[PDB]
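Below is the file upload-v9.txt, which contains compact mmCIF, C-alpha atoms.
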# COMPACT_ATOMS: atom_id res chain seq x y z
CA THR C 1 -27.72 -36.19 -21.65
CA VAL C 2 -25.26 -37.18 -18.93
CA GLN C 3 -27.90 -39.60 -17.67
CA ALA C 4 -28.39 -41.17 -21.10
CA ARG C 5 -24.64 -41.50 -21.60
CA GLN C 6 -24.36 -43.16 -18.19
CA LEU C 7 -26.84 -45.78 -19.39
CA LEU C 8 -25.06 -46.21 -22.73
CA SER C 9 -21.79 -46.65 -20.86
CA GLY C 10 -23.50 -49.27 -18.71
CA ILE C 11 -24.78 -51.09 -21.80
CA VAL C 12 -21.35 -51.12 -23.44
CA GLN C 13 -19.75 -52.35 -20.24
CA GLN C 14 -22.41 -55.04 -20.04
CA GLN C 15 -21.57 -56.18 -23.57
CA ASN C 16 -17.91 -56.39 -22.59
CA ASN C 17 -19.02 -58.43 -19.57
CA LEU C 18 -21.00 -60.83 -21.74
CA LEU C 19 -18.27 -61.10 -24.38
CA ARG C 20 -15.60 -61.87 -21.78
CA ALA C 21 -17.96 -64.37 -20.17
CA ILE C 22 -18.49 -66.27 -23.42
CA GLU C 23 -14.77 -66.15 -24.24
CA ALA C 24 -14.01 -67.77 -20.89
CA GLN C 25 -16.81 -70.27 -21.45
CA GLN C 26 -15.30 -71.13 -24.83
CA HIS C 27 -12.00 -71.93 -23.12
CA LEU C 28 -13.72 -74.20 -20.59
CA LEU C 29 -15.81 -75.79 -23.33
CA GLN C 30 -12.66 -76.52 -25.33
CA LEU C 31 -11.30 -78.36 -22.30
CA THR C 32 -14.49 -80.40 -21.96
CA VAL C 33 -14.51 -81.26 -25.67
CA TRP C 34 -10.94 -82.55 -25.26
CA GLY C 35 -11.82 -84.53 -22.14
CA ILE C 36 -14.81 -86.32 -23.63
CA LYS C 37 -12.82 -87.12 -26.77
CA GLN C 38 -10.03 -88.59 -24.64
CA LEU C 39 -12.49 -90.74 -22.70
CA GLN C 40 -14.41 -91.78 -25.83
CA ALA C 41 -11.16 -92.83 -27.51
CA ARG C 42 -10.40 -95.07 -24.52
CA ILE C 43 -13.73 -96.91 -24.79
CA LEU C 44 -15.18 -96.64 -28.29
CA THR V 1 -33.42 -39.02 -27.97
CA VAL V 2 -36.97 -39.95 -27.04
CA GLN V 3 -37.42 -41.49 -30.49
CA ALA V 4 -34.83 -44.11 -29.43
CA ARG V 5 -36.54 -45.00 -26.14
CA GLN V 6 -38.17 -48.11 -27.58
CA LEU V 7 -34.90 -49.24 -29.15
CA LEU V 8 -33.06 -48.64 -25.87
CA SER V 9 -35.67 -50.61 -23.90
CA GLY V 10 -35.26 -53.46 -26.38
CA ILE V 11 -31.48 -53.31 -26.14
CA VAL V 12 -31.63 -53.60 -22.33
CA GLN V 13 -34.12 -56.44 -22.63
CA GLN V 14 -31.87 -58.17 -25.16
CA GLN V 15 -29.00 -57.98 -22.67
CA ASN V 16 -31.31 -59.65 -20.12
CA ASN V 17 -32.05 -62.36 -22.68
CA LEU V 18 -28.38 -62.97 -23.49
CA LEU V 19 -27.29 -62.94 -19.84
CA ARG V 20 -29.93 -65.52 -18.93
CA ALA V 21 -28.88 -67.71 -21.88
CA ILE V 22 -25.18 -67.55 -20.91
CA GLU V 23 -25.99 -68.26 -17.26
CA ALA V 24 -27.97 -71.33 -18.32
CA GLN V 25 -25.14 -72.47 -20.59
CA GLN V 26 -22.70 -72.02 -17.68
CA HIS V 27 -24.71 -74.34 -15.46
CA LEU V 28 -24.89 -76.94 -18.23
CA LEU V 29 -21.12 -76.58 -18.74
CA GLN V 30 -20.61 -77.16 -15.00
CA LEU V 31 -22.64 -80.35 -15.34
CA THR V 32 -20.48 -81.39 -18.31
CA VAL V 33 -17.31 -80.71 -16.30
CA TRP V 34 -18.43 -83.01 -13.48
CA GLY V 35 -19.76 -85.63 -15.88
CA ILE V 36 -16.31 -85.86 -17.44
CA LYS V 37 -14.60 -85.98 -14.02
CA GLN V 38 -16.77 -88.86 -12.91
CA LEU V 39 -16.26 -90.69 -16.21
CA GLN V 40 -12.50 -90.20 -15.93
CA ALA V 41 -12.52 -91.58 -12.40
CA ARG V 42 -14.51 -94.60 -13.54
CA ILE V 43 -12.46 -95.24 -16.68
CA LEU V 44 -8.94 -94.51 -15.39
CA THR M 1 -26.86 -36.01 -37.05
CA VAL M 2 -28.16 -37.57 -33.83
CA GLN M 3 -24.97 -38.00 -31.85
CA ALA M 4 -25.66 -41.31 -30.11
CA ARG M 5 -26.81 -43.00 -33.32
CA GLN M 6 -23.54 -44.64 -34.36
CA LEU M 7 -23.05 -46.08 -30.88
CA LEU M 8 -26.63 -47.41 -30.83
CA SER M 9 -26.20 -49.08 -34.22
CA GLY M 10 -22.98 -50.71 -33.04
CA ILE M 11 -24.62 -51.93 -29.84
CA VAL M 12 -27.40 -53.57 -31.87
CA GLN M 13 -24.80 -55.12 -34.15
CA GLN M 14 -22.88 -56.34 -31.10
CA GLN M 15 -26.01 -58.03 -29.73
CA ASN M 16 -26.36 -59.85 -33.05
CA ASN M 17 -22.70 -60.90 -32.78
CA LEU M 18 -23.11 -62.18 -29.22
CA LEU M 19 -26.35 -64.02 -30.02
CA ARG M 20 -24.69 -65.80 -32.94
CA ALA M 21 -21.72 -66.74 -30.76
CA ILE M 22 -24.00 -68.09 -28.01
CA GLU M 23 -25.99 -70.09 -30.57
CA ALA M 24 -22.79 -71.61 -31.96
CA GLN M 25 -21.54 -72.40 -28.45
CA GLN M 26 -24.84 -74.14 -27.71
CA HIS M 27 -24.34 -76.50 -30.66
CA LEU M 28 -20.88 -77.47 -29.43
CA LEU M 29 -22.18 -77.77 -25.86
CA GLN M 30 -25.08 -80.04 -26.82
CA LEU M 31 -22.65 -82.20 -28.81
CA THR M 32 -20.50 -82.46 -25.68
CA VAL M 33 -23.48 -83.37 -23.49
CA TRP M 34 -24.60 -85.99 -26.01
CA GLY M 35 -21.11 -87.50 -26.04
CA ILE M 36 -21.16 -87.66 -22.24
CA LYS M 37 -24.65 -89.17 -22.15
CA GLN M 38 -23.70 -91.64 -24.89
CA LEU M 39 -20.53 -92.79 -23.12
CA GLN M 40 -22.39 -93.15 -19.79
CA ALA M 41 -25.02 -95.38 -21.38
CA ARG M 42 -22.57 -97.43 -23.45
CA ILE M 43 -19.89 -98.28 -20.86
CA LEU M 44 -20.13 -101.60 -19.06
CA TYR Z 1 -11.85 -70.80 -15.95
CA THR Z 2 -14.88 -71.62 -13.83
CA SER Z 3 -14.00 -68.89 -11.32
CA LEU Z 4 -13.29 -66.40 -14.12
CA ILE Z 5 -16.71 -67.07 -15.66
CA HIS Z 6 -18.59 -66.85 -12.36
CA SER Z 7 -17.07 -63.49 -11.48
CA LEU Z 8 -17.98 -62.11 -14.91
CA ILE Z 9 -21.59 -63.35 -14.69
CA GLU Z 10 -21.97 -61.90 -11.18
CA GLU Z 11 -20.77 -58.54 -12.45
CA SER Z 12 -23.07 -58.86 -15.46
CA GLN Z 13 -26.03 -59.54 -13.19
CA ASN Z 14 -25.44 -56.42 -11.10
CA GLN Z 15 -24.90 -54.34 -14.24
CA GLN Z 16 -28.20 -55.63 -15.65
CA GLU Z 17 -30.17 -54.47 -12.58
CA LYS Z 18 -28.39 -51.11 -12.67
CA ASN Z 19 -29.06 -50.70 -16.40
CA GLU Z 20 -32.72 -51.59 -15.99
CA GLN Z 21 -33.05 -49.10 -13.12
CA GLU Z 22 -31.33 -46.34 -15.07
CA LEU Z 23 -33.50 -47.01 -18.11
CA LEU Z 24 -36.66 -46.71 -16.03
CA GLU Z 25 -35.40 -43.45 -14.52
CA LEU Z 26 -34.99 -41.77 -17.93
CA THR I 1 -31.09 -77.33 -22.95
CA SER I 2 -34.81 -76.68 -23.21
CA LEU I 3 -34.35 -73.60 -21.02
CA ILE I 4 -31.52 -72.46 -23.30
CA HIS I 5 -33.46 -73.13 -26.51
CA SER I 6 -36.40 -71.03 -25.29
CA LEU I 7 -34.09 -68.15 -24.28
CA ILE I 8 -32.37 -68.12 -27.68
CA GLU I 9 -35.79 -68.11 -29.35
CA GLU I 10 -36.75 -65.06 -27.31
CA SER I 11 -33.39 -63.41 -28.13
CA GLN I 12 -33.92 -63.98 -31.86
CA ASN I 13 -37.35 -62.31 -31.78
CA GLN I 14 -35.99 -59.39 -29.77
CA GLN I 15 -33.05 -58.98 -32.13
CA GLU I 16 -35.47 -58.73 -35.07
CA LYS I 17 -37.53 -56.13 -33.19
CA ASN I 18 -34.46 -54.03 -32.32
CA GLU I 19 -33.20 -54.14 -35.89
CA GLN I 20 -36.61 -53.00 -37.17
CA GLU I 21 -36.59 -50.19 -34.60
CA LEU I 22 -33.04 -49.13 -35.49
CA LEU I 23 -33.87 -48.96 -39.19
CA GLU I 24 -37.01 -46.93 -38.48
CA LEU I 25 -35.03 -44.62 -36.21
CA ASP I 26 -32.44 -43.95 -38.94
CA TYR H 1 -17.72 -75.46 -34.46
CA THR H 2 -14.62 -74.43 -32.52
CA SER H 3 -13.24 -72.44 -35.44
CA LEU H 4 -16.69 -70.98 -36.15
CA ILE H 5 -17.08 -69.77 -32.55
CA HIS H 6 -13.59 -68.30 -32.50
CA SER H 7 -14.42 -66.32 -35.65
CA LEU H 8 -17.64 -65.02 -34.08
CA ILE H 9 -15.85 -64.09 -30.85
CA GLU H 10 -13.17 -62.23 -32.82
CA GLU H 11 -15.83 -60.29 -34.74
CA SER H 12 -17.38 -59.43 -31.36
CA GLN H 13 -13.99 -58.29 -30.04
CA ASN H 14 -13.57 -55.95 -32.99
CA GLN H 15 -17.09 -54.56 -32.55
CA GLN H 16 -16.56 -54.08 -28.80
CA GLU H 17 -13.44 -51.98 -29.37
CA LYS H 18 -15.37 -49.92 -31.93
CA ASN H 19 -18.31 -49.32 -29.60
CA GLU H 20 -15.95 -48.29 -26.82
CA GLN H 21 -14.27 -45.82 -29.21
CA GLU H 22 -17.64 -44.36 -30.19
CA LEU H 23 -18.68 -44.13 -26.54
CA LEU H 24 -15.61 -42.08 -25.61
CA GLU H 25 -16.20 -39.84 -28.63
CA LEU H 26 -19.83 -39.39 -27.55
CA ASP H 27 -18.81 -38.47 -23.98
Target encoding structure tokens, full file:
Amino acid sequence: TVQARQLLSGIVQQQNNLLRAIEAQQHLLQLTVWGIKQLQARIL
Amino acid sequence: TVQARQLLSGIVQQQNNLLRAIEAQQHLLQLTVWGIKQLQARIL
Amino acid sequence: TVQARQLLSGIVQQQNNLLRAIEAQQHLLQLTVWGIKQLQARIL
Amino acid sequence: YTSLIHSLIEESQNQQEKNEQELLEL
Amino acid sequence: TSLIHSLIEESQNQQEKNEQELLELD
Amino acid sequence: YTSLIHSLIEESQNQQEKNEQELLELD
């Protein structure tokens, strides 16, 4: 039904939301991995 | 279809589960960001 | 052929994909936190 | 990146409430 | 981390349930 | 881990495009 397809569209949009969120988190996490390695190299 | 109602409920719940997990990981990443900033200030 | 079936199957597959990506990100994140906690405790 | 992530999570949170409401309404 | 570990545990159980339901639906 | 995550993300990107295609075809 139109109603069911509205929900399915919402679910697919939500998955795109979550995917984009984790992609952006991966970019930030790459920057933090680099930062801690740079600081560890300076000390240890 | 109504046969898929239980699957659909579980799909929506699984999105809740994944959202909550990503939110929690985001807050831990924010902590990691500031931990590296303070370490950089102290080291450099 | 139930018309929403192929979308539903792909949504379930996508939740598997996202869960596996979040689990892998958590390993890298906990390694980053450990490195931060280890540097904090080791620096004089 | 932090602002990009926060905006996506905020949108995801609203979408989750909407999806849960729409599911209940079926 | 403990909050995250518990959420992933719940997600893994739910994923198994959904996959069982999808197979039974097919 | 970084390469492993990138591979998982890319698989998710492919699946997302497929689901969106199936959604439009369902509509």
Same-sequence overlay, chain V on chain M, C-alpha least squares, as a CSV table (one decimal) with C-alpha atoms, keeping the file's coordinate frame:
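Okay, this is what ended up in result_3.csv:
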chain,number,residue,atom,x,y,z
V,1,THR,CA,-29.3,-38.1,-30.4
V,2,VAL,CA,-28.0,-38.3,-34.0
V,3,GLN,CA,-24.5,-38.1,-32.7
V,4,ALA,CA,-25.1,-41.5,-31.1
V,5,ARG,CA,-26.4,-43.2,-34.3
V,6,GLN,CA,-23.1,-44.8,-35.0
V,7,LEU,CA,-22.7,-46.1,-31.4
V,8,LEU,CA,-26.3,-47.4,-31.5
V,9,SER,CA,-25.7,-49.2,-34.8
V,10,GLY,CA,-22.6,-50.8,-33.3
V,11,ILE,CA,-24.5,-51.8,-30.2
V,12,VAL,CA,-27.1,-53.6,-32.2
V,13,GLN,CA,-24.4,-55.2,-34.3
V,14,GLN,CA,-22.6,-56.3,-31.2
V,15,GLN,CA,-25.8,-57.9,-29.9
V,16,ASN,CA,-25.9,-59.8,-33.3
V,17,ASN,CA,-22.4,-60.9,-32.7
V,18,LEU,CA,-23.0,-62.1,-29.2
V,19,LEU,CA,-26.3,-63.9,-30.1
V,20,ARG,CA,-24.5,-65.8,-32.9
V,21,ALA,CA,-21.7,-66.7,-30.6
V,22,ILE,CA,-24.1,-68.0,-27.9
V,23,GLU,CA,-26.1,-69.9,-30.4
V,24,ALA,CA,-23.0,-71.6,-31.7
V,25,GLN,CA,-21.9,-72.4,-28.1
V,26,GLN,CA,-25.4,-73.9,-27.5
V,27,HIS,CA,-25.0,-76.3,-30.4
V,28,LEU,CA,-21.6,-77.4,-29.3
V,29,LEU,CA,-23.0,-77.9,-25.8
V,30,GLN,CA,-25.7,-80.1,-27.2
V,31,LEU,CA,-23.0,-82.1,-28.9
V,32,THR,CA,-21.2,-82.4,-25.6
V,33,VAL,CA,-24.4,-83.5,-23.8
V,34,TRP,CA,-24.9,-86.4,-26.3
V,35,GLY,CA,-21.2,-87.3,-26.3
V,36,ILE,CA,-21.4,-87.8,-22.6
V,37,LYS,CA,-24.7,-89.8,-22.8
V,38,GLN,CA,-23.2,-92.2,-25.4
V,39,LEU,CA,-20.0,-92.5,-23.3
V,40,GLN,CA,-22.1,-93.2,-20.2
V,41,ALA,CA,-24.0,-95.9,-22.0
V,42,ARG,CA,-20.8,-97.5,-23.3
V,43,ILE,CA,-19.0,-97.3,-19.9
V,44,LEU,CA,-21.9,-98.2,-17.5
ask   = Do you have the atom CA of residue 12 of chain I-atom CA of residue 15 of chain C distance handy?
value =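 Distance between the two atoms: 16.8 Å.
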message = Just want the 8 Å neighbourhood of residue 22 of chain M, counted on only C-alpha atoms, with same-chain residues fewer than 5 positions away dropped. Output as a list in words.
response = residues 22 of chain C; 21 and 22 of chain V
May I have the residues of chain I within 9 Å of chain M, counting all atoms listed in the file, written as a PDB file with C-alpha atoms, in the frame of the given file?
ATOM      1  CA  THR I   1     -31.090 -77.330 -22.950  1.00  0.00           C
ATOM      2  CA  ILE I   4     -31.520 -72.460 -23.300  1.00  0.00           C
ATOM      3  CA  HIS I   5     -33.460 -73.130 -26.510  1.00  0.00           C
ATOM      4  CA  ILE I   8     -32.370 -68.120 -27.680  1.00  0.00           C
ATOM      5  CA  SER I  11     -33.390 -63.410 -28.130  1.00  0.00           C
ATOM      6  CA  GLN I  12     -33.920 -63.980 -31.860  1.00  0.00           C
ATOM      7  CA  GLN I  15     -33.050 -58.980 -32.130  1.00  0.00           C
ATOM      8  CA  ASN I  18     -34.460 -54.030 -32.320  1.00  0.00           C
ATOM      9  CA  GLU I  19     -33.200 -54.140 -35.890  1.00  0.00           C
ATOM     10  CA  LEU I  22     -33.040 -49.130 -35.490  1.00  0.00           C
ATOM     11  CA  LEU I  25     -35.030 -44.620 -36.210  1.00  0.00           C
ATOM     12  CA  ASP I  26     -32.440 -43.950 -38.940  1.00  0.00           C
TER      13      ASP I  26
END
request  = Work out how far apart atom CA of residue 13 of chain H and atom CA of residue 17 of chain M are and give it in Å to one decimal.
outcome  = 9.5 Å
request  = Take atom CA of residue 21 of chain H and atom CA of residue 15 of chain Z and report the distance between them in Å, one decimal.
outcome  = 20.2 Å
What residues in chain H lie within 6 Å of chain M, counting only C-alpha atoms, written as an mmCIF file with C-alpha atoms, keeping the file's coordinate frame?
data_model
loop_
_atom_site.group_PDB
_atom_site.id
_atom_site.type_symbol
_atom_site.label_atom_id
_atom_site.label_comp_id
_atom_site.auth_asym_id
_atom_site.auth_seq_id
_atom_site.Cartn_x
_atom_site.Cartn_y
_atom_site.Cartn_z
ATOM 1 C CA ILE H 5 -17.080 -69.770 -32.550
ATOM 2 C CA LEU H 8 -17.640 -65.020 -34.080
ATOM 3 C CA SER H 12 -17.380 -59.430 -31.360
ATOM 4 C CA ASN H 19 -18.310 -49.320 -29.600
ATOM 5 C CA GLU H 22 -17.640 -44.360 -30.190
#
Would you mind listing what lies within 10 Å of residue 39 of chain M as a short mmCIF file (atom, residue, chain, number, x, y, z; two decimals) with C-alpha atoms, in the coordinates of the input, with all atoms listed in the file counted and same-chain residues fewer than 5 positions away left out?
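What landed in part_15.cif:
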data_model
loop_
_atom_site.label_atom_id
_atom_site.label_comp_id
_atom_site.auth_asym_id
_atom_site.auth_seq_id
_atom_site.Cartn_x
_atom_site.Cartn_y
_atom_site.Cartn_z
CA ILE C 36 -14.81 -86.32 -23.63
CA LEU C 39 -12.49 -90.74 -22.70
CA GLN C 40 -14.41 -91.78 -25.83
CA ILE C 43 -13.73 -96.91 -24.79
CA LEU C 44 -15.18 -96.64 -28.29
CA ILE V 36 -16.31 -85.86 -17.44
CA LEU V 39 -16.26 -90.69 -16.21
CA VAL M 33 -23.48 -83.37 -23.49
CA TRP M 34 -24.60 -85.99 -26.01
CA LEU M 44 -20.13 -101.60 -19.06
#
